[PDB]
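Protein chains in written order, with our numbering: chain A, 268 to 397; chain B, 268 to 397; chain C, 125 to 249; chain D, 125 to 249; chain E, 192 to 632; chain F, 197 to 244. Input: a single structure, listed below in structure tokens.
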Amino acid sequence: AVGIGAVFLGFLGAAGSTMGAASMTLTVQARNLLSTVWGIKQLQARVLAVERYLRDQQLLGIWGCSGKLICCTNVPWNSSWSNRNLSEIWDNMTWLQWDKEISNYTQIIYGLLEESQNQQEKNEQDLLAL
Amino acid sequence: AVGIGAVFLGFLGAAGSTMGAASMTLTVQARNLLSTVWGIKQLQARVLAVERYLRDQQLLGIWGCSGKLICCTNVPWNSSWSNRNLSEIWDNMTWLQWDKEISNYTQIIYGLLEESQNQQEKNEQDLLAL
Amino acid sequence: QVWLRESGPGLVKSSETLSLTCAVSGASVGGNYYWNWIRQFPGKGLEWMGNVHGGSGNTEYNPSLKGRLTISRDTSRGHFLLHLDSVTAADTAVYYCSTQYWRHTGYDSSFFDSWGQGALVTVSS
Amino acid sequence: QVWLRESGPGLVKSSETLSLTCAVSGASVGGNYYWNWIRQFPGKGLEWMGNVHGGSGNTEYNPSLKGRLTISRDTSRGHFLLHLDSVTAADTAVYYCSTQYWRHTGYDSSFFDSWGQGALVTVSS
Amino acid sequence: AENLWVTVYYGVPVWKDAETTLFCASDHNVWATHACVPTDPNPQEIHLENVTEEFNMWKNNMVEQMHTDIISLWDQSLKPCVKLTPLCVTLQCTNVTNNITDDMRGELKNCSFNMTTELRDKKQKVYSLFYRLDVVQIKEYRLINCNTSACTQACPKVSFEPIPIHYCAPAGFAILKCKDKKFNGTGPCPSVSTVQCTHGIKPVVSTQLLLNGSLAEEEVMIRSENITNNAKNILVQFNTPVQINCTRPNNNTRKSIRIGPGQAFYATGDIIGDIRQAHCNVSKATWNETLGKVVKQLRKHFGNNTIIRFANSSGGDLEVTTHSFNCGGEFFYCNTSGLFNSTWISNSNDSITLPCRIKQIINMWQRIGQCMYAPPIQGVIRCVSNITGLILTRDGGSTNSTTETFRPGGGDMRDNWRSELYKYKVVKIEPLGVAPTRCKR
Amino acid sequence: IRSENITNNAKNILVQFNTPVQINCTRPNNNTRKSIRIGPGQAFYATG
Ligand SMILES: *[C@@H]1O[C@H](CO)[C@@H](O[C@@H]2O[C@H](CO)[C@@H](O[C@@H]3O[C@H](CO)[C@@H](O)[C@H](O[C@H]4O[C@H](CO)[C@@H](O)[C@H](O)[C@@H]4O[C@H]4O[C@H](CO)[C@@H](O)[C@H](O)[C@@H]4O)[C@@H]3O)[C@H](O)[C@H]2NC(C)=O)[C@H](O)[C@H]1NC(C)=O
Ligand SMILES: *[C@@H]1O[C@H](CO)[C@@H](O[C@@H]2O[C@H](CO)[C@@H](O)[C@H](O)[C@H]2NC(C)=O)[C@H](O)[C@H]1NC(C)=O
Ligand SMILES: *[C@@H]1O[C@H](CO)[C@@H](O[C@@H]2O[C@H](CO)[C@@H](O)[C@H](O)[C@H]2NC(C)=O)[C@H](O)[C@H]1NC(C)=O
Ligand SMILES: *[C@@H]1O[C@H](CO)[C@@H](O[C@@H]2O[C@H](CO)[C@@H](O)[C@H](O)[C@H]2NC(C)=O)[C@H](O)[C@H]1NC(C)=O
Ligand SMILES: *[C@@H]1O[C@H](CO)[C@@H](O[C@@H]2O[C@H](CO)[C@@H](O)[C@H](O)[C@H]2NC(C)=O)[C@H](O)[C@H]1NC(C)=O
Ligand SMILES: *[C@@H]1O[C@H](CO)[C@@H](O[C@@H]2O[C@H](CO)[C@@H](O)[C@H](O)[C@H]2NC(C)=O)[C@H](O)[C@H]1NC(C)=O
Ligand SMILES: *[C@@H]1O[C@H](CO)[C@@H](O[C@@H]2O[C@H](CO)[C@@H](O)[C@H](O)[C@H]2NC(C)=O)[C@H](O)[C@H]1NC(C)=O
Ligand SMILES: *[C@@H]1O[C@H](CO)[C@@H](O[C@@H]2O[C@H](CO)[C@@H](O)[C@H](O)[C@H]2NC(C)=O)[C@H](O)[C@H]1NC(C)=O
Ligand SMILES: *[C@@H]1O[C@H](CO)[C@@H](O[C@@H]2O[C@H](CO)[C@@H](O)[C@H](O)[C@H]2NC(C)=O)[C@H](O)[C@H]1NC(C)=O
Ligand SMILES: *[C@@H]1O[C@H](CO)[C@@H](O[C@@H]2O[C@H](CO)[C@@H](O)[C@H](O)[C@H]2NC(C)=O)[C@H](O)[C@H]1NC(C)=O
Ligand SMILES: *[C@@H]1O[C@H](CO)[C@@H](O[C@@H]2O[C@H](CO)[C@@H](O)[C@H](O)[C@H]2NC(C)=O)[C@H](O)[C@H]1NC(C)=O
Ligand SMILES: *[C@@H]1O[C@H](CO)[C@@H](O)[C@H](O)[C@H]1NC(C)=O
Ligand SMILES: *[C@@H]1O[C@H](CO)[C@@H](O)[C@H](O)[C@H]1NC(C)=O
Ligand SMILES: *[C@@H]1O[C@H](CO)[C@@H](O)[C@H](O)[C@H]1NC(C)=O
Ligand SMILES: *[C@@H]1O[C@H](CO)[C@@H](O)[C@H](O)[C@H]1NC(C)=O
Ligand SMILES: *[C@@H]1O[C@H](CO)[C@@H](O)[C@H](O)[C@H]1NC(C)=O
Ligand SMILES: *[C@@H]1O[C@H](CO)[C@@H](O)[C@H](O)[C@H]1NC(C)=O
Ligand SMILES: *[C@@H]1O[C@H](CO)[C@@H](O)[C@H](O)[C@H]1NC(C)=O
């Protein structure tokens, strides 16, 4: 039960694996996100698919991780959000469980990321002024 | 016949020149890619134009070449795809001819680029972990 | 319009290396241009010396001047330099930097040629 | 709410340079804030010493303390420092760091004032 | 000590329940496949390992969407067809009494009337054959729908044959399919896959019996939202079909009457030969075996010592009281009374014949003010179909008795769609995620 | 009081009160409505 390798090349094949194993197949999921009674439905579907992708891209770009699939930042991990160790998260849990556990504290992290990115940009401009 | 300069500023003026000469006017082509019987046609045209541009931008960004017009990568050039020298490509051929010749081996290069970019991102994260 | 200005020392001792500069204004040295170095001896005809391509960087030299003539570019500073080794008394002349190119703007195409005022170089000990 | 805490040495010898620090919590030093350094002499009234703007960095000093008083910021460490050269026995006092600002939260507007507990500095050999 | 920092991952495999709009995929029809996208020759299905999902057939939103699209297509297909406004004229009817048996006596009316022509100042005298269910006395009769609303005639070129349809979701959404057998449509499904979109589903419209459906792979399956409550219909799915052969043997004749410029009404000319009622045949031993399996599976939820009764319908309209369908363009309504008639107590080549009727004025969906006049079909018609389930209802059920009586049900057509879309659901992906890590920008 | 060009007589003047003025309107006839069927599923409502 230990010392076995698992590799997935499907769309959502890694949905049932651990976070660490599932973090190696992000591109396969990234590709798919973009792509008279029935024509209007098709048009609305296309518009909605474009809108959601554009919203996600804008949100990613605001934090400074534009054009990246893995990007760590300057914001420290507040211990109030979670208390487990890295050994029990990346090797003892799945992404779905983590999302279910952390969904209460999502917006605060987003605001902190935006503020930190703005401060970093201002500091970079000040440094380049010299 | 030798020792004469040529500069173009039209939309597709450099279509008939060589690859090296045509690689100096990429921005002029980049600008134009985005911009009852007739209104629906106009709406469909707008939607299609948006979708194609978004697909192209996503494909460029997946490889790590986001926000760049001349982005060179780490994947080596397999000799099976082509056998000519740089002197006979960039000074003896046109982009249309090169595309007609190399249309056969595009998806393999795309997949290799995606995998290389993912590996580079993971290696960068590992290096930044220390 | 492309403006070319020559510069360099007015005198070079025999057997030394003559260095000349040509500065370009109104155009980018890194564009699809050919920059040519020519000279005129006193009381004689012209004699093309060499040229360089701004984009690729390939240089073409006269066979007579081969082995002693070098032409280089500088995109950041926007000028191109010329070097001639083992200059003798016969190398005294007026040097010019020129460029000819076709400009195809939309519907219409034109031929433009630009020359510099030139710099007199005298070789003697 | 913006919290300010003073810190620094409790004693400075005469003719030395007094260095003081004020740390800010709950707000960014690089924001659109004015940070003011004031002092109170023993058994006397208050005396504003200087201030600095977090964003642009312009500093305004009292004419009496001009030529010896410096105020600087530190956004990365989130605190601002004060330097006073040639401190004499008359410079013994309690130093405070304060800030005033209008907060315009959409519809509403409110004036906010913040002071620190202050640090006593005694100058003597 | 911990020194952990937030890290953003894009492309995480996480999904959430959502409601969206699906579109066509399919390989002269009322269910127009012309505006439906072509289907890929080789559909892609990705099984998800160690993934258990939550499923509920009774709250699926795809059923409502399918119902709305079916109704919209049905309404759209009838727009370019003749309107039978002139047909609301007083009729003079007599009895058809030649070569008629003892059961078809008085079931047909020979009605003569006046009608318009292409010229707007000339009239013609015509006659036709009508069914007794279509005419109401005012020796003078009139069509039943004349005091409610004028209504159209189905165009004779569009076919009512069902065609399979696949319902596919947009980008950013996924269709999850429960591959676990013996799943009763509610609760946790442990075996799950993601499919590009669903398989072909025929929009077969019928009541009191499910025809040309899908069979259970293990055994007879009984489903109900709340089996304790007697107000919820019970859905039964057979693991093997039961063949049924329906036929109208009358040799009909069709004639055309020009009622205006480029407008024709298709009437029944005459019947050539004998006149006999349409009927359906179903095997007896197969039905008995199927009922044995059904009662065996029913005993699980209602005790192992109860007495199980199958009886007749309660009453109401002819659409809900009778197995109603269409076979070859003619709308049959039939009396499934010889089937659900038996009692079971805990402990050969003949067949059951259902005699039954045909109708021409149709109120297809449960609406008021819109008909559909089916033009007559020429010649004898016969069809064969499968029976692959039942819709039952428990009458009474109080504790005062120790026996259960089940009667056939129907009426609502959503239950016909619910029997096929029970193993599917739609979710939307949420790629963005935040985790704790060590690397610092 | 508002107007595009008060000097010109061809432009209407808009007046806005600071307080309302109550107005009570009434029709006191006791009318009767009767439906007449003029076709299949078509009724015309006349005053009886
Ligand atoms: C369950 O499924 C089974 C099988 O999967 C279904 O049974 C099949 O039903 C179809 C449709 O009734 C039937 O196909 C018909 O067969 C007839 C006999 O061969 C054909 O004559 C008929 O074609 C006519 O109709 C077409 C339109 O549907 C026309 O395009 C065609 O030209 C024919 O029409 C001509 O003839 C008529 C009459 O003379 C005339 O009025 C027209 O103007 C035109 O000239 C169909 O092809 C299959 O044969 C059946 N299969 C079996 C095995 O019997 C069953 O119906 C399903 N159950 C339910 C409830 O839907
Ligand atoms: C329906 O009624 C019509 C008219 O009464 C019948 O048509 C008549 O048939 C007789 C033969 O018995 C002819 O002599 C007449 O000339 C026909 N009348 C017309 C106007 O054509 C028709 O046969 C009846 N059909 C049935 C089934 O009873
Ligand atoms: C078709 O119309 C004709 C007249 O246009 C009808 O014959 C008339 O019937 C009325 C009975 O209400 C008599 O009072 C007239 O004298 C008749 N006229 C003639 C010329 O015969 C005929 O009955 C109508 N047909 C049907 C089936 O109603
Ligand atoms: C009625 O049921 C039978 C058996 O379930 C169906 O016959 C099968 O049809 C499929 C068509 O894809 C074949 O692959 C199977 O091999 C058939 N089974 C047998 C035993 O022959 C029949 O098609 C059903 N009738 C209808 C109208 O769908
Ligand atoms: C299934 O149906 C039964 C019968 O109605 C429900 O039980 C009833 O619940 C109501 C709600 O207050 C009570 O008033 C009745 O007295 C109950 N009757 C019996 C016989 O228990 C039951 O709750 C339903 N199941 C679910 C999950 O809702
Ligand atoms: C339904 O079953 C009945 C028998 O109960 C069939 O009636 C027989 O039909 C055949 C036709 O080939 C005749 O030769 C026999 O004379 C009929 N017998 C009786 C007693 O009526 C009927 O044909 C069957 N119909 C279908 C569609 O299967
Ligand atoms: C329904 O019709 C089918 C086909 O007409 C019948 O199947 C035939 O049955 C006869 C008699 O056993 C056989 O000789 C044929 O070979 C069968 N044909 C096929 C294709 O299987 C079926 O028996 C009928 N069922 C009922 C209840 O009448
Ligand atoms: C189910 O069977 C019962 C009895 O077998 C039917 O009740 C009969 O209804 C008819 C009306 O069509 C009456 O004339 C009979 O007198 C009734 N029988 C008795 C014994 O009272 C009932 O109609 C059947 N259900 C359906 C839907 O037809
Ligand atoms: C459905 O079939 C049953 C069984 O024949 C019918 O019940 C018969 O109804 C007639 C009245 O038309 C009675 O005379 C018989 O006595 C009934 N039979 C039995 C066994 O009770 C029933 O009427 C049919 N449904 C309809 C709507 O007619
Ligand atoms: C408001 O209306 C007055 C009256 O028409 C305008 O003044 C007139 O302007 C026209 C334009 O040439 C002249 O022909 C008239 O003789 C003027 N009449 C008077 C009485 O002055 C005035 O211009 C209008 N205001 C604006 C802003 O257009
Ligand atoms: C409008 O005012 C008139 C009075 O000028 C009202 O007329 C009176 O209405 C009352 C109704 O309660 C009668 O009792 C009086 O006899 C009427 N008097 C006269 C002189 O007509 C009228 O009712 C008012 N209507 C409204 C809608 O306010
Ligand atoms: C399957 O998943 C469960 C939790 O979802 C986990 O405990 C178990 O270890 C997994 N199986 C394997 C073989 O990893
Ligand atoms: C037609 O036959 C039916 C059923 O026998 C009967 O009720 C009706 O009175 C008859 N009408 C006639 C003879 O006009
Ligand atoms: C039309 O007539 C039938 C029978 O005479 C009656 O049942 C129905 O209610 C009538 N329609 C309306 C709208 O009243
Ligand atoms: C059958 O349905 C009931 C409804 O309450 C549910 O609790 C049960 O889990 C279902 N069976 C299975 C195997 O999930
Ligand atoms: C119905 O009648 C027509 C016309 O006589 C004939 O051609 C056809 O064969 C008949 N139908 C049958 C099943 O015999
Ligand atoms: C119902 O079943 C009984 C058996 O007790 C039988 O006598 C009767 O004829 C059946 N009724 C019908 C309509 O088949
Ligand atoms: C109008 O007449 C009706 C019918 O008599 C009556 O019920 C009603 O009260 C009358 N209206 C008034 C305001 O009295």
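Beta carbons: idealized from backbone N, C-alpha and C, even for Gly.
Residue range of the unbroken beta strand (DSSP E) whose run includes residue i
i      : result
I620/E : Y615 to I620
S238/C : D232 to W239
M306/E : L299 to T307
Where the alpha helix (DSSP H) containing residue i begins and where it ends
i      : result
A455/E : Premise fails: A455/E lies in the beta strand (DSSP E), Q454 to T459, not in any alpha helix (DSSP H).
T373/B : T373 to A396
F214/E : No alpha helix (DSSP H) contains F214/E, which is instead part of the beta strand (DSSP E) from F214 to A216.
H258/E : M253 to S268
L310/B : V304 to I329
Residue i and residue j closer than 8 Å at C-beta
i      : j      : result
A288/A : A268/A : no
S383/B : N350/B : no
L299/E : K550/E : no
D260/E : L426/E : no
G178/C : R197/C : yes
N220/E : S350/E : yes
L128/C : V148/C : yes
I162/D : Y220/D : yes
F501/E : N532/E : yes
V287/E : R439/E : no
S138/D : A214/D : no
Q309/A : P204/E : no
Chain B contacts made by the region 145-162 of chain C, where a contact means CB separation under 8 Å:
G155, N156, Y157, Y158 and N160
Give me the pocket residues for ligand 5, defined as CB within less than 6 Å of any heavy atom, sorted by chain position.
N417/E, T419/E and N420/E
Determine, using beta-carbon pairs with one atom in the region 507-523 of chain E and one in the region 564-584 of chain E, whether at least three such pairs fall under 8 Å.
yes
Kindly provide the chain-ordered list of residues whose Cβ lies closer than 7 Å to any non-hydrogen atom of ligand 6.
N436/E, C437/E, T438/E, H470/E, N472/E, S542/E, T544/E and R573/E
Under a criterion of Cβ closer than 7 Å to any non-hydrogen atom of ligand 17, which residues qualify, in chain order?
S528/E, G529/E, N532/E and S533/E
For ligand 13, which residues count as neighbours when the test is a C-beta closer than 7 Å to any heavy atom?
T285/E, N286/E, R296/E, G297/E and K330/E
Between the region 376-396 of chain B and chain E, which residues of the former have a C-beta closer than 7 Å to a C-beta of the latter?
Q392, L395 and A396
What residues in the region 333-362 of chain A have a beta carbon less than 9 Å from any beta carbon of chain B?
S333, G334, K335, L336, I337, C338 and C339
Check whether the region 609-629 of chain E and the region 266-277 of chain E touch, using three or more Cβ-Cβ pairs below 8 Å as the test.
no
The region 348-365 of chain E in contact with the region 306-319 of chain A per 3-pair CB rule at 8 Å:
yes
Whose CB is closer than 5 Å to a heavy atom of ligand 16? List the residues in chain order.
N442/E, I463/E and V571/E
Taking 5 Å as the limit, tell me which residues put their C-beta closer than that to any heavy atom of ligand 15, in chain order.
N375/E, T377/E and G378/E
Determine, using beta-carbon pairs with one atom in the region 582-597 of chain E and one in the region 414-429 of chain E, whether at least three such pairs fall under 8 Å.
yes
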